[PDB]
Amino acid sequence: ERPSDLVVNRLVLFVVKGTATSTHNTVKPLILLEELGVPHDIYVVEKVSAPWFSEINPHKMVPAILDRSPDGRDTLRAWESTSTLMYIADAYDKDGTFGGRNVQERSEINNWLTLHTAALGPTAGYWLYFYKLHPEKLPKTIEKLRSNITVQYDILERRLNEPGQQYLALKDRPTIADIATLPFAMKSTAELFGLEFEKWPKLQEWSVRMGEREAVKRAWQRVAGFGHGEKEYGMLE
């Protein structure tokens, strides 16, 4: 079965009702969609648990993307934020502006993108679970995860301190790697972790440089408002 209003004519990004702690992963694909000007629709999921949604993403989370295939005969699906970034970059960044133009560029883009996906992303994800969602409070665990977040921030700082290394993967311009990292490496998010983000200056400078991009501003502005517009759930107009 399926919902009535769910129809794919363009890329379809699945999000939830905007909050502080529900947007840090959904904003990632939205930043890239805003950077490339890809035509897309927003579908606000009421219950990620809903059986129809688990057929789209078996991990039962946002973001998730349903899109028609290149030919336009069949539809494609992408889930896990890092997997949404790659799929867009594959299908919409033909110039490799954000995906990488050759093997050498991609090699560094996949390094920093994957580092985030495997280290800082899960570490931050587990931290938020044990802090807010876990029925019991385990402060020894929450402390060890907060300790691991600083180890990651350190690795980002070290990289951004290297000569002319303005962005994480490439010196010259931002890549999906930078988009994947920004939501878990900004002053707002550091403060939530109970960290002084000034301690990592170059990582703070980097976050501000990224934050001043019009596409990043629009993404944060829009992702906050989803589910608080004229339509509470389903396909937004």
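Heads up: residue numbers just count along the shown sequence, starting at 1.
**Q** Quick one: higher average CA temperature factor, 54-62 or 24-32?
**A** On average, C-alpha B-factors are higher across 54-62.
**Q** Once you work out the mean C-alpha B-factor for both 74-82 and 125-133 from the entry, which is higher?
**A** Per the PDB record, 125-133.
**Q** Could you tell me which one of 194, 183, 37, 174 shows the highest CA temperature factor in the PDB record?
**A** Reading the PDB entry, the winner on C-alpha B-factor is 194.
**Q** If you rank every modelled residue in this chain by C-alpha B factor, which third holds residue 95: lowest, middle or highest?
**A** According to the entry, residue 95 has a C-alpha B-factor in the chain's middle third.
**Q** Please rank the C-alpha B-factors of the chain's modelled residues and tell me whether residue 41 sits in the lowest, middle or highest third.
**A** It belongs to the middle third of the chain when residues are ordered by C-alpha B-factor.
**Q** Relative to the other modelled residues of the same chain, rank the CA B-factor of residue 160 and answer lowest, middle or highest third.
**A** It belongs to the middle third of the chain when residues are ordered by C-alpha B-factor.
**Q** Rank-wise, by C-alpha B-factor, drop residue 117 into the lowest, middle or highest third of its chain.
**A** As the PDB entry reports it, the C-alpha B-factor of residue 117 lands in the lowest third of its chain.
**Q** How does the C-alpha B factor of residue 178 compare with the rest of the chain: lowest, middle or highest third?
**A** For residue 178, the deposited C-alpha B-factor lands in the lowest third.
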